[PDB]
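Down below is the structure, laid out as structure tokens.
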Amino acid sequence: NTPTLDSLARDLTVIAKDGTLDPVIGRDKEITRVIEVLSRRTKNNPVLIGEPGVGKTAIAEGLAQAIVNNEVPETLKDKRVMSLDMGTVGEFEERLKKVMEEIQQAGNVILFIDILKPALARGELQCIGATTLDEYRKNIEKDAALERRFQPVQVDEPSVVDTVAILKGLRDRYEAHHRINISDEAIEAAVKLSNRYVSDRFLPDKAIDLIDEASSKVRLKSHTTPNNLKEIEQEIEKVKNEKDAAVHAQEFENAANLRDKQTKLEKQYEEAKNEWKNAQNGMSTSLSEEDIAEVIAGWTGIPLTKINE
Amino acid sequence: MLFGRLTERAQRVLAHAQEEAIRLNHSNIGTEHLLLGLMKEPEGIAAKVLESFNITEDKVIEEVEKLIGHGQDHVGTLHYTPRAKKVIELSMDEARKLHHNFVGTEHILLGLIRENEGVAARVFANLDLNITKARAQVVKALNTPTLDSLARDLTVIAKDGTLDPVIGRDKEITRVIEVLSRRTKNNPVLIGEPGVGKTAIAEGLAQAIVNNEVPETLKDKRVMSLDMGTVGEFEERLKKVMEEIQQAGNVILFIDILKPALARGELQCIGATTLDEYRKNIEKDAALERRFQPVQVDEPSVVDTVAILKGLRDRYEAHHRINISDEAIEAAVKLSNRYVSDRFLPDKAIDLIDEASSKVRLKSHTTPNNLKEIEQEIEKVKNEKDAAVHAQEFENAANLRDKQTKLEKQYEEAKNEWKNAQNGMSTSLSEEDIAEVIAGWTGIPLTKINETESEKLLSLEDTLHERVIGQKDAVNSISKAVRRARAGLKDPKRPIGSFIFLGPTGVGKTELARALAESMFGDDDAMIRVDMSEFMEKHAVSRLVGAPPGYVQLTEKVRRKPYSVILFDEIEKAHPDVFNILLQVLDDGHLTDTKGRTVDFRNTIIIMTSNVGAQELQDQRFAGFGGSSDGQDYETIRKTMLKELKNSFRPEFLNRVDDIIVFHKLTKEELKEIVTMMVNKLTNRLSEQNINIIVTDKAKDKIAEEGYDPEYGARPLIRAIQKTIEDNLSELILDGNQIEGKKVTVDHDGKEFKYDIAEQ
Amino acid sequence: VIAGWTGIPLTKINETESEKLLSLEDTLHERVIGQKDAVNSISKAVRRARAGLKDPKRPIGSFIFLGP
Amino acid sequence: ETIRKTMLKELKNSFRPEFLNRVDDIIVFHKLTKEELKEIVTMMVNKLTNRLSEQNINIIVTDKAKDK
Ligand SMILES: Nc1ncnc2c1ncn2[C@@H]1O[C@H](COP(=O)(O)OP(=O)(O)OP(=O)(O)O)[C@@H](O)[C@H]1O
Ligand SMILES: Nc1ncnc2c1ncn2[C@@H]1O[C@H](COP(=O)(O)OP(=O)(O)OP(=O)(O)O)[C@@H](O)[C@H]1O
Ligand SMILES: Nc1ncnc2c1ncn2[C@@H]1O[C@H](COP(=O)(O)OP(=O)(O)O)[C@@H](O)[C@H]1O
């Protein structure tokens, strides 16, 4: 069960087994690419070539997701996924010698990195690199032993259409708290303008940025009371505090009227609240395209009139 | 909560004091009016208090009448004195002690007796009635458990009214609630510099519950605050608090793991992180980028800051019992930002007005050399009495006891009459008190700060002529152009001035530049000198503006002193990319560093010194025999140099210059008065030694031509004076104070400089 | 007493602080023979600062030596 | 003073303009002549003998040896 690897790193099959995180949507193309490289006899160490932030983290997350879903092939069946973070880096070399021994004996441990030359030369460790392109051509290419052992994988930003399916797939997972209705028009409109203005962090992280504070002026805006409960609740507040003072002051001449008034106001508050929600829960507050572009107006400073065309 | 909790009896006291001022011919309502008004309302619980203490209405009227004076007053404008306002502040504390939530006539007496400084307090003391006696009289005459333990509730504290109410956030607070109108996209982030006051935003949300101004969603909504001062098991307690928020539906998180929680939307968390650490973690995460957006929450403007302190006026003018005027608050913020503008706003004004109000309180709460001379005699008599009792001399001790009692009787009468006039008047906050305090923070003399900004501009030319003699064309050209933007005729966004120094080097461009800051900012050293000699490569452009993120000057320095003069040397020798940055300064009037902070240059003067066209000016001087081009009009000289200037630069760049300044040449007669000025300046530094130095015209003419050179200018003049006047002057200084307190005369006989020592 | 805290001889401590700068050129030439053109330049430039002519905040001297 | 003027122009070629303005006085040195070197060796003889004061040994060097 590789106890050393389970304590010095983070296991991915345990996290994916519960499925408490959002599923990886839109990276289905890379799912078949990672397993394909691991099945090759030569160069069975794929490397996530790309800028840091393009979505390389989701590539490793989706690899262990197929194990629970029984979508991985027989060659990659029932194999745990282990990732070693760079923040736990002499005595440093004394720990990596024991971890590699357990991987060879088990035969189902897949390393994930973000000394080891003899280990990679024999292909004993099937580590998956995650270094950027700039650092891959400076430390890995300069060494001939690792040149024929690490197979670069082109992991770049997805297409515009591919990002659209991400929002639709996760839409059902975004409505479970207040049961609101989201229009389908805002889904396609959240990817056209995303690349127009924000083009400095690549897809899909820069793509899903328009729907953060775009259309939020409809649903709860009508849930307010137009000078209805602003005064009813205030009357209840003053009666309660004044009632307690009259008890200790031996003044029950006016306290008797206060109790009846307070009870009547409490009944009225419940009736007013019930009628408010009954006439509003039936209607649905869907999104509108006229307010989607309002959030991007303040990100860059472009006037809303110029954007709304 | 001023009049909301007032009952029928409490409000009657307010009207009674109003009418009593007219009959008593008092223009203000002090403690003498409130005490009498309470005695005329025997309906509250306190009615039995005065009856049980043998206190009637007719006795207190005459007792308080003698203490107060009588005289002419002003009809109307009968407002409350700040000293009498202390009753309202203290009455809230008394209710919290007994866990009560009502205000009535039973707290007025407690407030007037807990001050020990008003007229009403002295009446109680004279009637053998103190706080302790009335303390027991009133007594007998009368849920998210996890969230509350791991955080603090704001609506509970704000319900009592102990924290200072948020005043001046009439737009930032309303901006947050307007966006808070849906289950999703309802997580605003407070983005601003550290010190702008983003903590009070959370308090304002809970304040609407107390005032019943909150909507139905925010009605009776517990505003929870998660402070950063309470920081495996890390991600364990936070997963239980979030469960209580969803079920209760009235808990608001205030931060200063949670990504799946905001994926759907259920917590109306409002961030408070600074801009320098908000785009580095929230933006890089896709999940956190679906709920949080930066919001423009910066320091308030000059006018906005004044309104902030107006709401908090009652929290300070009554605590210190010092009257705060409207003119004092507006002048405090304007002067503070002029000199000390490092701590931002409005936090730097709270402490400034606190010390200003405390300082005047200290000066108006002392003994005017009347009770001191009496108290010292009482103490001396007490020591004398001890010297008699221990000596077993009671024959002389009998007189000591009688004298001690007599002195104490006079002490109480003198103390009461001293404060009889003090209580009838209120100590306002004069504008001079704020000026004195702010002057001690920067060392600026009080005279410089105390200016109406009306005569300084008029006498701008005279001040400049004191340090620079000659070239009146350049002095008047800059003086007329600088005041165009000050009066508001020019575009407010554009800087005040964008003058360009042109001409031969060494003529005195630096000397005139420093005089501009002296006559405007009142500081000779308020000037930042940036040299373009080190700015040659293309990569040097990312130095003065700031290091771009991912790798690791002028912007940092200018931010500390925005009211300075930015001077550049050898601007003609610089990278072409540098000129693009300079154009933006003179067009929009502000810049932005790599950290997202927007610096301001509206108060900065940009001067670019270039050596181009110097060869043309010197040729015109010797172009005509028997004279020079000095007699030509200044406009003609400007036009000739304008064509040469645009040849090496871009035509559009020169369009942004308010006025092109071309310096003249130094003649023999001009240098004569330059030497005279330096002697006078040295005499000023010798005022401590009280030594007068007089230089004859013969010496001035001889020394002027010693280092005369058209290419150098006035630079060799300093060297000549040091090796001629200062050499012999220093020798006589170290001779046993030989020339101390005397008069030294410098005369040139033709070859040497004979020094004559005479009396002063 | 102050001599035993820094090791300075009693003769050096007991000085008027005026004759030392008057005979500065003679004392300097005891250890420096020749280059009198620079001895006089620095001797006349230090007495002015001690005379109070120079600004007190600035240092006493800012000489820049040049040559082989 | 003429030597100072010539050196000053080249000094500011590689230096900042205002850097030399704060200097109270620029000092320029010279070379060493044969006559000056004779007294330099003499000073070292006196210093060496002074360090041997506890030895109570007198050292005298002829002018012929100093020149050699
Ligand atoms: N009209 C004047 N009256 C009195 N002093 C003057 C006048 N014009 C120039 N000076 C003196 O000339 C001196 C010149 O030295 P400074 O370091 O200011 O250089 P500058 O000539 O302005 O040249 P640069 O711009 O190259 O630094 C100043 O210190 C100033 O006292
Ligand atoms: N004016 C002088 N008269 C006599 N001896 C001198 C004089 N100037 C220098 N010397 C001698 O020069 C010798 C060398 O001194 P030092 O080792 O300090 O180097 P330096 O010549 O000043 O050069 P550097 O600046 O390169 O260190 C000293 O032992 C000193 O006796
Ligand atoms: N607009 C305002 N109205 C009232 N009080 C304010 C305001 N802004 C700041 N304050 C007060 O200034 C104090 C200092 O706040 P500060 O520490 O600067 O907040 P932050 O650290 O979020 O900038 C707070 O206690 C707050 O009560």
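A note on labels: chains of the structure tokens are A, B, ... as shown, every chain counts residues from 1, and ligands are counted from 1 in their shown order.
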Contacts with ligand 2 at most 9 Å, only C-alpha atoms and all ligand atoms counted, listed as a list in words: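 Those within range of ligand 2 are residues 29, 30, 31, 32, 33, 34, 35, 36 and 68 of chain C; 32, 36, 37, 39, 40, 41, 42, 43 and 44 of chain D.
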Write out as a PyMOL selection string each polymer residue whose atoms come within 9 Å of segment 165-170 of chain A, counting only C-alpha atoms; drop sequence neighbours fewer than 5 positions from it. chain A and resi 22-26+184+187-188+208
Which chain B residues have any atom within 10 Å of an atom of ligand 3, and for each, what is the nearest pair of atoms with distance in Å to one decimal, counting only C-alpha atoms and all ligand atoms, rows sorted by chain and number, as CSV?
residue,atom,partner,partner_atom_place_in_ligand_line,distance
B:163,CA,ligand 3,27 (O),7.4
B:164,CA,ligand 3,27 (O),6.0
B:165,CA,ligand 3,4 (C),6.0
B:166,CA,ligand 3,4 (C),3.8
B:167,CA,ligand 3,3 (N),4.3
B:168,CA,ligand 3,1 (N),4.9
B:169,CA,ligand 3,1 (N),5.0
B:170,CA,ligand 3,1 (N),8.6
B:172,CA,ligand 3,1 (N),8.9
B:173,CA,ligand 3,1 (N),9.5
B:190,CA,ligand 3,22 (O),8.6
B:191,CA,ligand 3,22 (O),9.6
B:192,CA,ligand 3,23 (O),7.9
B:193,CA,ligand 3,23 (O),7.1
B:194,CA,ligand 3,23 (O),4.8
B:195,CA,ligand 3,23 (O),3.5
B:196,CA,ligand 3,23 (O),4.4
B:197,CA,ligand 3,19 (O),3.5
B:198,CA,ligand 3,22 (O),3.3
B:199,CA,ligand 3,22 (O),3.8
B:200,CA,ligand 3,26 (C),4.9
B:201,CA,ligand 3,1 (N),7.7
B:202,CA,ligand 3,22 (O),9.4
B:203,CA,ligand 3,27 (O),8.3
B:204,CA,ligand 3,3 (N),8.7
B:256,CA,ligand 3,22 (O),8.4
B:272,CA,ligand 3,22 (O),6.7
B:273,CA,ligand 3,22 (O),8.4
B:274,CA,ligand 3,22 (O),8.9
B:298,CA,ligand 3,23 (O),9.5
B:299,CA,ligand 3,8 (N),8.5
B:300,CA,ligand 3,1 (N),7.9
B:304,CA,ligand 3,1 (N),9.1
B:305,CA,ligand 3,1 (N),8.0
B:307,CA,ligand 3,1 (N),9.2
B:308,CA,ligand 3,3 (N),5.6
B:309,CA,ligand 3,4 (C),7.8
B:311,CA,ligand 3,4 (C),8.3
B:312,CA,ligand 3,4 (C),7.4
B:343,CA,ligand 3,18 (O),9.1
B:344,CA,ligand 3,18 (O),8.9
B:345,CA,ligand 3,8 (N),7.9
B:346,CA,ligand 3,8 (N),5.9
B:347,CA,ligand 3,12 (O),5.1
B:348,CA,ligand 3,12 (O),8.8
B:349,CA,ligand 3,12 (O),9.3
B:350,CA,ligand 3,12 (O),7.4
B:351,CA,ligand 3,12 (O),9.7
Residues within 8 Å of ligand 1, counting only C-alpha atoms and all ligand atoms, as a ChimeraX atom specification: /B:467-471,505-512,569,609,670-671,673-675,677-678,712-715,717-718 /D:17-18,21-22
Those residues with N, CA and C atoms, as an mmCIF file, in the first residue's frame please?
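Writing the result to again_27.cif gives the following:
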data_model
loop_
_atom_site.group_PDB
_atom_site.id
_atom_site.type_symbol
_atom_site.label_atom_id
_atom_site.label_comp_id
_atom_site.auth_asym_id
_atom_site.auth_seq_id
_atom_site.Cartn_x
_atom_site.Cartn_y
_atom_site.Cartn_z
ATOM 1 N N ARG B 467 16.673 85.682 -4.633
ATOM 2 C CA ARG B 467 17.723 84.686 -4.805
ATOM 3 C C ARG B 467 18.432 84.792 -6.147
ATOM 4 N N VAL B 468 17.761 85.310 -7.173
ATOM 5 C CA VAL B 468 18.334 85.439 -8.507
ATOM 6 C C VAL B 468 18.177 86.885 -8.955
ATOM 7 N N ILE B 469 19.290 87.522 -9.307
ATOM 8 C CA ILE B 469 19.296 88.890 -9.813
ATOM 9 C C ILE B 469 19.614 88.851 -11.300
ATOM 10 N N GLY B 470 18.767 89.487 -12.101
ATOM 11 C CA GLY B 470 18.917 89.496 -13.540
ATOM 12 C C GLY B 470 18.018 88.475 -14.216
ATOM 13 N N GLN B 471 18.005 88.548 -15.547
ATOM 14 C CA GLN B 471 17.164 87.690 -16.384
ATOM 15 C C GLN B 471 15.698 87.790 -15.966
ATOM 16 N N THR B 505 24.796 75.863 -20.080
ATOM 17 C CA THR B 505 24.879 75.293 -18.746
ATOM 18 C C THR B 505 25.705 76.191 -17.828
ATOM 19 N N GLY B 506 25.423 76.091 -16.530
ATOM 20 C CA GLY B 506 26.147 76.854 -15.537
ATOM 21 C C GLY B 506 25.694 78.284 -15.359
ATOM 22 N N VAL B 507 24.624 78.702 -16.039
ATOM 23 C CA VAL B 507 24.153 80.075 -15.906
ATOM 24 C C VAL B 507 23.372 80.290 -14.615
ATOM 25 N N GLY B 508 22.905 79.221 -13.975
ATOM 26 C CA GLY B 508 22.136 79.354 -12.754
ATOM 27 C C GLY B 508 20.745 78.765 -12.856
ATOM 28 N N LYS B 509 20.577 77.775 -13.738
ATOM 29 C CA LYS B 509 19.277 77.127 -13.885
ATOM 30 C C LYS B 509 18.867 76.415 -12.601
ATOM 31 N N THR B 510 19.812 75.725 -11.958
ATOM 32 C CA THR B 510 19.506 75.019 -10.718
ATOM 33 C C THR B 510 19.129 75.990 -9.604
ATOM 34 N N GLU B 511 19.821 77.128 -9.523
ATOM 35 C CA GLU B 511 19.527 78.103 -8.477
ATOM 36 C C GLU B 511 18.108 78.642 -8.603
ATOM 37 N N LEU B 512 17.678 78.954 -9.828
ATOM 38 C CA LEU B 512 16.318 79.443 -10.027
ATOM 39 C C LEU B 512 15.286 78.349 -9.781
ATOM 40 N N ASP B 569 18.217 66.447 -15.514
ATOM 41 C CA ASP B 569 19.470 66.972 -16.039
ATOM 42 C C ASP B 569 19.868 66.183 -17.278
ATOM 43 N N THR B 609 15.889 70.174 -18.355
ATOM 44 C CA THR B 609 17.033 71.001 -18.716
ATOM 45 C C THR B 609 17.781 70.338 -19.866
ATOM 46 N N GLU B 670 25.954 92.177 -14.086
ATOM 47 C CA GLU B 670 25.094 91.220 -13.395
ATOM 48 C C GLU B 670 25.849 90.489 -12.292
ATOM 49 N N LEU B 671 27.110 90.132 -12.542
ATOM 50 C CA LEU B 671 27.891 89.408 -11.547
ATOM 51 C C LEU B 671 28.263 90.277 -10.353
ATOM 52 N N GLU B 673 26.297 92.280 -8.520
ATOM 53 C CA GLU B 673 25.301 92.092 -7.473
ATOM 54 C C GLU B 673 25.211 90.647 -7.004
ATOM 55 N N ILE B 674 25.664 89.692 -7.820
ATOM 56 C CA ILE B 674 25.696 88.298 -7.388
ATOM 57 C C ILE B 674 26.673 88.123 -6.233
ATOM 58 N N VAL B 675 27.845 88.755 -6.331
ATOM 59 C CA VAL B 675 28.815 88.704 -5.241
ATOM 60 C C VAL B 675 28.244 89.361 -3.990
ATOM 61 N N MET B 677 25.106 89.466 -3.040
ATOM 62 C CA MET B 677 24.121 88.589 -2.415
ATOM 63 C C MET B 677 24.787 87.509 -1.572
ATOM 64 N N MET B 678 25.874 86.919 -2.074
ATOM 65 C CA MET B 678 26.544 85.852 -1.338
ATOM 66 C C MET B 678 27.142 86.354 -0.031
ATOM 67 N N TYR B 712 31.260 78.933 -18.469
ATOM 68 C CA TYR B 712 30.968 78.494 -17.108
ATOM 69 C C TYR B 712 29.784 79.253 -16.519
ATOM 70 N N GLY B 713 29.903 80.574 -16.413
ATOM 71 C CA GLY B 713 28.841 81.380 -15.846
ATOM 72 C C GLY B 713 29.132 81.837 -14.432
ATOM 73 N N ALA B 714 28.199 81.582 -13.517
ATOM 74 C CA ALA B 714 28.344 81.972 -12.121
ATOM 75 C C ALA B 714 28.993 80.895 -11.264
ATOM 76 N N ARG B 715 29.296 79.731 -11.838
ATOM 77 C CA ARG B 715 29.948 78.670 -11.071
ATOM 78 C C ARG B 715 31.312 79.078 -10.526
ATOM 79 N N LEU B 717 32.286 81.858 -9.571
ATOM 80 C CA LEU B 717 32.147 82.906 -8.564
ATOM 81 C C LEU B 717 32.223 82.334 -7.155
ATOM 82 N N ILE B 718 31.611 81.168 -6.933
ATOM 83 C CA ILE B 718 31.660 80.539 -5.616
ATOM 84 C C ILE B 718 33.094 80.179 -5.250
ATOM 85 N N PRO D 17 27.023 65.372 -13.220
ATOM 86 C CA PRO D 17 27.332 66.813 -13.144
ATOM 87 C C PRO D 17 27.241 67.378 -11.735
ATOM 88 N N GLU D 18 26.127 67.144 -11.040
ATOM 89 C CA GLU D 18 25.946 67.693 -9.702
ATOM 90 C C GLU D 18 26.774 66.970 -8.649
ATOM 91 N N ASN D 21 29.603 69.192 -7.757
ATOM 92 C CA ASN D 21 29.226 70.506 -7.246
ATOM 93 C C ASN D 21 29.297 70.551 -5.726
ATOM 94 N N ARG D 22 28.926 69.457 -5.060
ATOM 95 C CA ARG D 22 28.948 69.405 -3.605
ATOM 96 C C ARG D 22 30.354 69.285 -3.034
#
Using only C-alpha atoms, which protein or nucleic acid residues come within 8 Å of residue 572 of chain B? Drop anything in the same chain fewer than 6 positions from it, and give the result as a PyMOL selection string. chain B and resi 610-612
Write the residues you've just listed into a file as a compact mmCIF listing (two decimals), in the first residue's frame, and include N, CA, C and O atoms for each of them.
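Generated file (out.txt):
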# COMPACT_ATOMS: atom_id res chain seq x y z
N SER B 610 17.90 71.05 -20.98
CA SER B 610 18.56 70.54 -22.17
C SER B 610 19.62 71.53 -22.64
O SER B 610 19.48 72.74 -22.47
N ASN B 611 20.68 70.99 -23.23
CA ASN B 611 21.78 71.79 -23.75
C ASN B 611 21.65 72.11 -25.23
O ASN B 611 22.56 72.72 -25.80
N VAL B 612 20.55 71.70 -25.87
CA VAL B 612 20.37 71.96 -27.29
C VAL B 612 20.09 73.44 -27.51
O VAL B 612 19.40 74.09 -26.71
Might you pull out every residue within 10 Å of residue 328 of chain B, with only C-alpha atoms counted and same-chain residues fewer than 4 positions away left off, and present them as a list in words?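 The residues satisfying every condition are residues 306, 324, 332, 333, 353, 356, 428, 429, 430, 431, 432, 433, 434 and 435 of chain B.
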Using the selection just defined, write its residues with C-alpha atoms as a PDB file, in the first residue's frame.
ATOM      1  CA  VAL B 306     -14.836  66.724   6.252  1.00  0.00           C
ATOM      2  CA  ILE B 324     -15.479  71.684  17.621  1.00  0.00           C
ATOM      3  CA  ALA B 332      -7.423  70.100   9.535  1.00  0.00           C
ATOM      4  CA  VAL B 333      -7.751  67.761   6.547  1.00  0.00           C
ATOM      5  CA  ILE B 353      -8.069  66.145  15.569  1.00  0.00           C
ATOM      6  CA  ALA B 356      -5.722  69.154  18.613  1.00  0.00           C
ATOM      7  CA  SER B 428     -13.957  76.397  20.539  1.00  0.00           C
ATOM      8  CA  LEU B 429     -11.352  74.833  18.235  1.00  0.00           C
ATOM      9  CA  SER B 430      -9.489  77.719  16.622  1.00  0.00           C
ATOM     10  CA  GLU B 431      -7.690  77.137  13.333  1.00  0.00           C
ATOM     11  CA  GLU B 432      -4.404  78.116  15.003  1.00  0.00           C
ATOM     12  CA  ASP B 433      -4.528  75.075  17.299  1.00  0.00           C
ATOM     13  CA  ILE B 434      -4.529  72.694  14.325  1.00  0.00           C
ATOM     14  CA  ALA B 435      -1.777  74.714  12.633  1.00  0.00           C
TER      15      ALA B 435
END
Determine, for each residue of segment 67-134 of chain B having at least one atom at most 10 Å from an atom of segment 35-48 of chain B, the closest pair of atoms and their separation in Å to one decimal, counting only C-alpha atoms; order by chain and ascending number, as CSV.
residue,atom,partner,partner_atom,distance
B:104,CA,B:44,CA,7.6
B:105,CA,B:44,CA,5.9
B:106,CA,B:46,CA,5.1
B:107,CA,B:46,CA,8.5
B:108,CA,B:38,CA,7.7
B:109,CA,B:35,CA,7.7
B:112,CA,B:35,CA,7.7
B:119,CA,B:35,CA,8.7
B:120,CA,B:35,CA,6.0
B:121,CA,B:35,CA,9.3
B:123,CA,B:35,CA,9.2
B:134,CA,B:46,CA,9.9
At most 12 Å to chain D: residues in chain C, only C-alpha atoms, as JSON, numbers by chain: {"C": [29, 30, 31, 32, 33, 34, 35, 36, 37, 38, 39, 40, 41, 42, 43, 44, 45, 46, 48, 49, 54, 55, 58, 59, 60, 61, 62, 63, 64, 65, 66, 67, 68]}
Nearest to chain B, restricted to only C-alpha atoms and choosing among D:14, D:62, D:46, D:53, comes out as D:14
Distance limit 8 Å, atoms considered: only C-alpha atoms. Which chain C residues sit that close to chain B? Return them as an MDAnalysis selection string. chainID C and resid 18 22 44 47:48 51:53
Please identify all residues of chain B having at least one atom at most 9 Å from any atom of chain D, considering only C-alpha atoms, and return them as a PDB file with C-alpha atoms, in the first residue's frame.
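Done, and the output landed in selection02.pdb:
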ATOM      1  CA  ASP B 531      19.730  62.427 -14.032  1.00  0.00           C
ATOM      2  CA  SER B 533      23.096  60.086 -17.723  1.00  0.00           C
ATOM      3  CA  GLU B 534      22.428  56.630 -16.248  1.00  0.00           C
ATOM      4  CA  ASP B 569      19.470  66.972 -16.039  1.00  0.00           C
ATOM      5  CA  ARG B 719      35.233  79.257  -5.942  1.00  0.00           C
TER       6      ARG B 719
END
How close does chain A get to chain B? List, as CSV, each residue of chain A within 6 Å, its nearest atom pair and the distance in Å to one decimal, counting only C-alpha atoms.
residue,atom,partner,partner_atom,distance
A:174,CA,B:264,CA,4.2
A:175,CA,B:264,CA,5.7
A:205,CA,B:286,CA,5.2
A:209,CA,B:289,CA,5.8
A:211,CA,B:290,CA,5.9
A:212,CA,B:290,CA,4.0
A:213,CA,B:185,CA,4.4
A:216,CA,B:182,CA,4.8
A:217,CA,B:181,CA,4.9
A:219,CA,B:182,CA,4.8
A:220,CA,B:181,CA,4.2
A:221,CA,B:181,CA,4.5
A:224,CA,B:216,CA,4.9
A:225,CA,B:216,CA,5.6
A:230,CA,B:212,CA,5.6
A:241,CA,B:101,CA,5.8
A:249,CA,B:142,CA,4.6
Rounded to one decimal, what separation in Å do you get between atom CA of residue 37 of chain A and atom CA of residue 76 of chain A? 10.9 Å
Atom CA of residue 226 of chain B and atom CA of residue 271 of chain B are how many Å apart? 10.5 Å
I need the residues in segment 3-248 of chain B that are helix (DSSP H, G or I) according to DSSP; give them as a count of residues only. 127
Mind giving me the straight-line distance from atom CA of residue 647 of chain B to atom CA of residue 616 of chain B in Å, one decimal?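 Computing the Euclidean distance for atom CA of residue 647 of chain B and atom CA of residue 616 of chain B yields 13.8 Å.
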Which residues, written as a list in words, have at least one atom at most 10 Å from residue 53 of chain A, with only C-alpha atoms counted and residues fewer than 3 positions away on the same chain left out?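 Returned residues: residues 50, 56, 57, 132, 157, 201, 202, 203, 204, 205 and 206 of chain A; 284, 285 and 286 of chain B.
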Residue subset to file, keeping N, CA, C and O atoms, as a short mmCIF file (atom, residue, chain, number, x, y, z; two decimals), in the first residue's frame:
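Ended up saving to result_32.cif:
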data_model
loop_
_atom_site.label_atom_id
_atom_site.label_comp_id
_atom_site.auth_asym_id
_atom_site.auth_seq_id
_atom_site.Cartn_x
_atom_site.Cartn_y
_atom_site.Cartn_z
N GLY A 50 3.84 23.46 -21.21
CA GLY A 50 2.96 24.61 -21.30
C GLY A 50 3.28 25.61 -20.21
O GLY A 50 4.03 25.34 -19.27
N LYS A 56 -2.73 22.77 -16.34
CA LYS A 56 -1.97 21.54 -16.16
C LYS A 56 -2.40 20.79 -14.90
O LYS A 56 -2.26 19.57 -14.83
N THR A 57 -2.92 21.51 -13.90
CA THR A 57 -3.37 20.86 -12.67
C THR A 57 -4.55 19.93 -12.94
O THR A 57 -4.61 18.82 -12.40
N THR A 132 7.41 23.79 -16.87
CA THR A 132 7.08 24.66 -17.98
C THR A 132 8.03 24.41 -19.15
O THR A 132 9.05 23.74 -19.03
N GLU A 157 -3.90 25.71 -24.37
CA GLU A 157 -5.26 26.14 -24.10
C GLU A 157 -6.23 25.46 -25.07
O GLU A 157 -5.90 25.24 -26.24
N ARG A 201 -3.89 35.28 -19.62
CA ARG A 201 -3.72 34.09 -18.80
C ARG A 201 -4.11 32.80 -19.50
O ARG A 201 -4.11 31.74 -18.85
N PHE A 202 -4.47 32.85 -20.79
CA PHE A 202 -4.81 31.68 -21.59
C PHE A 202 -6.06 30.96 -21.09
O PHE A 202 -6.54 31.23 -19.98
N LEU A 203 -6.59 30.05 -21.90
CA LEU A 203 -7.78 29.30 -21.55
C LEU A 203 -7.41 28.10 -20.67
O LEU A 203 -6.28 27.61 -20.71
N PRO A 204 -8.36 27.60 -19.87
CA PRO A 204 -9.73 28.09 -19.65
C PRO A 204 -9.84 29.02 -18.44
O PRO A 204 -10.93 29.51 -18.14
N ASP A 205 -8.75 29.28 -17.73
CA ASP A 205 -8.82 30.11 -16.53
C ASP A 205 -9.21 31.55 -16.87
O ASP A 205 -10.00 32.17 -16.15
N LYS A 206 -8.67 32.09 -17.96
CA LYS A 206 -9.07 33.44 -18.37
C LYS A 206 -10.45 33.45 -19.02
O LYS A 206 -11.08 34.51 -19.08
N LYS B 284 -5.61 34.09 -10.06
CA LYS B 284 -4.98 32.89 -10.59
C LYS B 284 -5.85 31.65 -10.44
O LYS B 284 -5.60 30.64 -11.11
N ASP B 285 -6.87 31.70 -9.59
CA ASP B 285 -7.76 30.57 -9.36
C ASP B 285 -9.07 30.80 -10.09
O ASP B 285 -9.72 31.83 -9.92
N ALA B 286 -9.46 29.82 -10.92
CA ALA B 286 -10.69 29.96 -11.70
C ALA B 286 -11.92 29.93 -10.81
O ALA B 286 -12.88 30.67 -11.04
#
Compile the contact shell of residue 287 of chain A as a PyMOL selection string: residues with an atom at most 10 Å away, counting only C-alpha atoms, same-chain residues fewer than 3 positions apart removed. chain A and resi 180-187+214-219+284+290-292
